[PDB]
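Working notes, beginning with the structure itself.
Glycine also receives a Cβ, built like all others from the backbone with ideal geometry; neighbour counts cover every protein chain displayed. A short reminder: the numbers here are calculations on the coordinates, not readings from a lab.
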Amino acid sequence: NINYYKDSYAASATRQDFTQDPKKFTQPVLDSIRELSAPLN
Amino acid sequence: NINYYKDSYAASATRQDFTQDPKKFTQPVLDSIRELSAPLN
Amino acid sequence: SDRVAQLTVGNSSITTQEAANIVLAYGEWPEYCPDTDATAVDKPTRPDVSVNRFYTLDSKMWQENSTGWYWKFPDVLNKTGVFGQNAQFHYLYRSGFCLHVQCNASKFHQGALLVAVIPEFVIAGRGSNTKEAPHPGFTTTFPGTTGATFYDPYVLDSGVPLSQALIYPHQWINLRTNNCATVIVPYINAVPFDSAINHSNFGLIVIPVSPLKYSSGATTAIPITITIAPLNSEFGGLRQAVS
Amino acid sequence: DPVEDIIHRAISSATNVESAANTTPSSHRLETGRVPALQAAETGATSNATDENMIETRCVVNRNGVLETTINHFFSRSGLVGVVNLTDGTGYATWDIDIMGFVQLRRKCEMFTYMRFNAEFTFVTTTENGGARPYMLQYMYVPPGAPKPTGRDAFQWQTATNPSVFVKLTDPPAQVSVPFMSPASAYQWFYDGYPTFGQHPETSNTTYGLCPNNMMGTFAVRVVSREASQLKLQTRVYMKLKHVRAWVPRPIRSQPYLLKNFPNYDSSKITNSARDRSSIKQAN
Amino acid sequence: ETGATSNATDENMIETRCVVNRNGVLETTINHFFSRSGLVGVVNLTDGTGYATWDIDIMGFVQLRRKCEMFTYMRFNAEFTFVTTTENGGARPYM
Amino acid sequence: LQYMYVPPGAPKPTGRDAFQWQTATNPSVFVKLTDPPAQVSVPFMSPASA
Amino acid sequence: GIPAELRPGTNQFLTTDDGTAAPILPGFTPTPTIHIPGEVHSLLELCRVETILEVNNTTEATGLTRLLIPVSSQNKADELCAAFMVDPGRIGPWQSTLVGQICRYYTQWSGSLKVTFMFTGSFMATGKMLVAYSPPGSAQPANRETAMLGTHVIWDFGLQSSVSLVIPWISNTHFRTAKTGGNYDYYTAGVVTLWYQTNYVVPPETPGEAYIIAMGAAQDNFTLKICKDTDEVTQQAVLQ
Amino acid sequence: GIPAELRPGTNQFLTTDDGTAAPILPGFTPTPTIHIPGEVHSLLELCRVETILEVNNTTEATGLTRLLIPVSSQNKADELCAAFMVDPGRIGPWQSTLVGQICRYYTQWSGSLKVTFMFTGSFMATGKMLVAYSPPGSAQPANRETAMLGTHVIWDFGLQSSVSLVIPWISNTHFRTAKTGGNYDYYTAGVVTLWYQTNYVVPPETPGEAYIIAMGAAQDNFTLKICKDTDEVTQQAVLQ
Amino acid sequence: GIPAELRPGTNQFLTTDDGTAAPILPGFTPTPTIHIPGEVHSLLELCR
Amino acid sequence: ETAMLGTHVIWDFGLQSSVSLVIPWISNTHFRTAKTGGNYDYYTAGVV
Ligand SMILES: CCCCCCCCCCCCC/C=C/[C@H](O)[C@H](N)CO
Ligand SMILES: CCCCCCCCCCCCC/C=C/[C@H](O)[C@H](N)CO
């Protein structure tokens, strides 16, 4: 968490991201489907 | 007690252990024996 | 109140009237795998009566010039009983054990056995080659119910001396003091579940340190029987049979 | 109301011990029934007779250190684990990372069955006449499954994903830290088993004792240049065990060593543990 | 056919146990995946025109190109390193 | 260069490339001739009290 | 000045190291960010998306025929349809997926998997299929009475044209090294043999040769440990 | 920058040194720990466990006979049975123990010791033994009236088949250098001669040659100071 | 890292200098002190 | 090795000169007709 320059891009790697959001790639549909039901009815 | 990296394995040797538990190697028996008695009676 | 004991596990029970004590291996009891240490995602089977009982192996006659013996666990029980059928249908395996070595002799006999339990007991080959090289056969590494006699008991057939082998869990069968040794062993492995066919965890070893001596006229046939029993055994990964 | 029988601890105790134990003063015992000298070794336990109950002792406040004997201070001393020979003029050299080849650090590690540690490598590279020539080297780490380099200037040295270290011969030696990289929960040095299923042979089964949870990869080295320079090298790799935990102690080796992966010995020449003397009834 | 992936979890196919999972999902992020420096260009200088140029294009070496072709748009900072040697190994005191 | 410290009882090296130079337990210092000179600290190592 | 003394590791260049470096342009303010749809944050968003396996990777197909599994009406019962190993990171059908190509950048995968079968026959054709996963300890099952003992899902053809077998995580170790084939068969995971449950029954004037497109992804507890280089790439020049 | 000036000890590599080093894999999270029984925390858990001495280390035994001490019925009184030095770290019977092999990795041991004798005769054989420790200042005692002056424990054979002589810590210095034999006999510690107290008395039809297995460990105030390499090892190759 | 610049007096060995040095034996605890009569504290006890 | 699979009690000779094997009640029916030997081996109970 240290930097010796005033330029913010000369620093090391920043804090960890820890998030992911897979619902935009796995299930990108309008009618949200459940698990325990038939997807086509 | 210092570290220059975010990775915990890049540090030096940790704090001292100071403990030992010899009763699991020396006397690993169920019926706990005393000193001032005969062990077989 | 200390020389008399009874051990009831399952539908079987062992009495003794000239025992010494009971040894827990490394101060711990065999238990089931907790949820914070499990890595499989299926539900295990736990029969708990049909597989936790005293199985009696065959008897080994102890003579003047015996150099000693070793079994592999759970190798000896992969073909006996319902433990032998649950360890073939299932890929994964976890258990403890409870061992008992009976050897009686009269008041005019003398000698001593060393009954120890060695985790991860690897058999060595016996050649002076630096690479080809000799390696032990499959019936020598995984002997089964008939065990295997040592060639060099002074180095435990692994280049490691017997004089320091009291660091393992052990008892003695001194024929003037007792007649039986009991060792209770938990599950000792680097993984929570492991296969019961490829990997035998530990090995029971009975080596006569001081030899059997008797005056003339006494009973010449002194056998050594071994009765073992799984404790808290559970299996996983159902499939077809592989022996 | 339903079926009833569906409804249906340890021994040791660790204490933080700083210095060695003291000694309390004693007196003389003249009474029957209470005996601390008689033991029974058949129970699998060691003797618990303290020296206050054998003789008459004094009061000693003991101030000796029990610090250097722990398993962290015993293994955090770096020793040689491998020597990589590079003769330039195929141009490179590899080394399968296996520390069971040198005997100073192997016998210390064979006291225990399971060990869980971090490491700290150091690469001391010299020439064959002593060293110190200003050429630049590259040390790759090839994990299991990654393509090993097949040439002096092959494309596996681009090194876009796996680690690498650039250092000259005339710099101080390179030094990194390496985590616990095993898929199991401990490195086991003795694996009584076979890696695969099948019919295992009787004559020569070279797979008995092979533990694949310990094979950690390949260490490759070249000289970063285009034209082949002509100079013979040796690296020396020093591993320091740190943050170390150990389980299940076992006896120490007493026979002379033979192969890396297998605990072989010769049975025709078994060396005795204690060197001989004249008779049993004299001490010198 | 709905363009979505299957959402069948393993608790609804078989009978499972309770597993408190403690594995790390840290090294798989896109920062820890791309912060590993690899070769992007080799500049050859033979002195005796006396200099050499290199159009900065990292699409010429294939170890780092294929990692970068997983995505269409990328926004990053860089950190270059220039390892200069001679043709016989290096280390001659010239500036 | 390599400078080992051999305590009383430890095996002294018997060759230029012998196995006692593996140095897995006792201290050692690697330093070139062209570096600054090596320098360590050594405690009170006597079995008596002075 | 401050009396310092240098340590080993001086003047080296570790590629994966995390340190600062001197900037070339002081006072630089870049071009401002806009909103671009579809930002990834980790690679486990990409290993959960179903992509097509090449189950029919024989020496006869040679093209886009390689992606699909043929079914037809059988004369005998009990028969087999297809089979493949379960090893992301092994040569075979998994090599043409996002799971099987990201698990080659990483060593030591862990977690469950899932295989989705889609049926691309006609509407009037009916049938049932048995899809069986068998854990390691033996060779590929020789008949249906052996493969029925492992984990299996019986699938009926109908209006819902897709089933999904969820291959569980059954292992002794926490991680499997993702390199296998020789002495590394300690880390293998099993087979997904497809068996005919009943038959492929079809009315007249309807084609009697239908296909199955097989897909593959990873579950919610899938991880990957050690980053390495992939073996799918060669180069012998500089790409002039 | 910060004006620094370098000191001696720059650019060296001390093997036992305690410093940080740059990691090769950032973001690494290892395989989680499980519970494995029997964890050690220091080596003084291992030096308290009784292991067998080789008291009969003559040139005649050659095998597992080396571990045991013979007794029999003597014609004369006052006789001697066995003898050995008390020196963990000396050639002799202590070399085949965990105490005598861990005290070779360390210099300068300190503290008490204990020797446990187990009798492996028949039940009907009786007898008594004298076990005597004598501090240094002289040679091995020549008769029982001389060895009775030192520390001794009289042992009666019976149902409790084991006695334990606790060798005390009698020294001038706090530590004994654990290397002895030449001019280092300033650090020797004494002998544990075994004497017949009365006899080995035996009824008819019972064997008249019994054995004793002798064991050895360390007490609760045992320490070890300076870590060194052991001398029990040789090597002349690389173990190809 | 921290941008440093070196000064004269770099890499020298002054004999009377007062600086730290890396220890050879970690975790070392020496032999305990006892009372020995006649301890000096300075050399002006000897010049009197 | 076959008789060890059933209910068994291991008996050590000693000062207590008597053991007792308790044959349990293992049956399908609540009662066994106490006449057996022919087709009435449906009601047999076992060997000791
Ligand atoms: C540029 C850095 C290259 C050097 C990096 C080496 C990392 C690999 C080290 C893995 C940990 C030690 C290897 C395993 C220890 C023992 O040799 C094995 N268990 C052998 O049984
Ligand atoms: C003395 C310092 C000289 C080196 C400074 C180099 C600065 C220029 C780097 C710009 C950022 C990377 C260049 C662009 C990346 C890809 O190659 C292009 N997008 C090619 O498509």
* To do: Among H:149, H:84, H:34, flag the residue with its Cα farthest along the positive direction of the charge dipole of the stretch H:1-157, charges on Cβ as +1 for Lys/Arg and -1 for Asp/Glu.
  => H:149
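First measure r as the distance between the Cβ atoms of residue I:42 and residue F:49, then evaluate 1/(1 + (r/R0)^6) with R0 = 25 Å and state the FRET efficiency to the nearest 0.05. Mind showing how you got there, number by number?
Numbers: r = 22 Å, r/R0 = 0.89.
With a Förster radius of 25 Å, E is 0.65.
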* To do: Give a residue-ordered list of calculated ³J(HN,Hα) values for the stretch G:60-73 (Karplus: 6.51 cos²θ - 1.76 cosθ + 1.60, θ = phi - 60°; whole Hz; x for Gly, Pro).
  => 10, 6, 6, x, 7, 5, 5, 8, 10, 10, x, 10, 7, 7
* Asked: Using just the C-alpha positions of the protein assembly as shown as equal point scatterers, what log10 of I(q)/I(0) does the Debye formula give at each q in 0.06, 0.07, 0.08 1/Å?
  -> -0.65, -0.87, -1.09
* Asked: Over the Cα atoms of chain F, how large are the radius of gyration and the largest Cα-Cα distance (Dmax), in Å?
  -> 13.4, 40
* With charges only on Cβ, +1 for K and R and -1 for D and E, what is the dipole size of chain A about its Cα centre, in debye, rounded to 20? -> 80 debye
* Under 5 Å between amide H atoms, partner at least 5 residues away or on a different chain: which partners does residue C:110 have, H built in plane at 1.01 Å? -> C:213
* **Segment residue D:234-residue D:153, extension gain: residue separation times 0.36 nm, minus the distance between their alpha carbons** => 27.2 nm
* To do: Check cross-link reach from residue F:12 to the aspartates and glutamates: straight Cα distance under 19 Å, and skip same-chain residues fewer than eight apart.
  => H:229, H:231, H:232
* Asked: Give me the log10 of I(q) over I(0) for chain B at q = 0.26, 0.32 Å⁻¹, as the Debye formula computes it from C-alpha points; what are the numbers?
  -> -0.95, -1.13
* Structure fact -> Counting every C-alpha pair in chain J, the percent lying more than 14 Å apart is 65 percent
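Please work out the Cα convex hull volume for chain C and give it in Å³ per residue.
Given the Cα convex hull of chain C, per-residue volume reads 149 Å³.
Given the alpha-carbon gyration tensor of the stretch G:108-206, what are the semi-axes of its equivalent ellipsoid in whole angstrom, ordered largest first, with each equal to the square root of 5 times an eigenvalue?
Computed over the stretch G:108-206, the values are 32, 15, 11 Å.
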* What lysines could a cross-link reach from residue G:128, if we take a straight Cα to Cα line under 26 Å and drop same-chain neighbours fewer than 8 places away? -> G:76, G:114
* Give a residue-ordered list of calculated ³J(HN,Hα) values for the stretch D:71-85 (Karplus: 6.51 cos²θ - 1.76 cosθ + 1.60, θ = phi - 60°; whole Hz; x for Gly, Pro). => 6, 7, 6, 8, 9, 7, 9, 7, x, 6, 10, x, 10, 9, 9
* To do: Run the quick spin-label model on residue D:6 and residue G:236: label points 7 Å from Cα toward the beta carbon, then report their separation in nm to one decimal.
  => 7.0 nm
* To do: Fewest Cβ neighbours within 10 Å first, please rank I:35, D:200, C:170 accordingly.
  => I:35, D:200, C:170
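Quick check of the Kirkwood formula: for chain D, what is the inverse mean of 1/r over all pairs of different Cα atoms, in Å?
Hydrodynamic radius (Kirkwood, Cα only) of chain D equals 24.8 Å.
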* Residue by residue, what Karplus-based ³J(HN,Hα) values in Hz, rounded to whole numbers, does the stretch G:199-208 have, using 6.51, -1.76 and 1.60 with θ = phi - 60° and x for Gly and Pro? -> 4, 9, 9, 9, x, x, 6, 8, x, x
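In the structure shown, do any of D:232/F:32; A:24/G:179; D:148/E:67; D:240/D:260; H:179/H:228 have a Cα-Cα gap over 22 Å, and if so which? Provide the component values of the computation, followed by the final result.
Details: D:232/F:32 19 Å; A:24/G:179 32 Å; D:148/E:67 19 Å; D:240/D:260 20 Å; H:179/H:228 12 Å.
Beyond 22 Å between Cα atoms: A:24/G:179.
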* By counting other Cβ atoms within 10 Å of each Cβ, how are G:14, H:159 ranked from fewest to most? -> H:159, G:14
* Asked: Where does the charge balance sit around residue G:225 when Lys and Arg score +1, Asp and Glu -1, over other residues with C-beta under 14 Å from its C-beta?
  -> +4
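What FRET efficiency comes out for residue C:3 versus residue D:282 if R0 is 41 angstrom and r is the Cβ-Cβ distance? Round to the nearest 0.05.
Result of the calculation: an efficiency of 0.50.
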* Structure fact -> Restricting to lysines and to Cα separations under 17 Å from residue D:242, and discarding same-chain partners fewer than 8 apart, the set is D:108
* Determine the sum of side-chain charges near residue C:19: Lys and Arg each +1, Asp and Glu each -1, restricted to other residues whose C-beta is under 13 angstrom from that of residue C:19. => -4
* Sorted by Cβ density within 10 Å, fewest first, the residues G:234, H:180 -> G:234, H:180
* Structure fact -> Here, chain G modelled as identical Cα point scatterers in vacuum has Debye log10 I(q)/I(0) at q = 0.08, 0.09, 0.16 Å⁻¹ of -0.45, -0.54, -1.22
* In terms of modelled amide H atoms, which long-range or inter-chain residues lie less than 5 Å from the amide H of residue D:132? -> D:127
* Calculate, for residue H:75 and residue D:28, the FRET efficiency according to 1/(1 + (r/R0)^6) with r their C-beta to C-beta distance and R0 35 Å; round to the nearest 0.05. => 0.45
* Structure fact -> Using alpha carbon positions and the Kirkwood radius, the Rg to Rh ratio of the stretch D:52-153 is 1.21
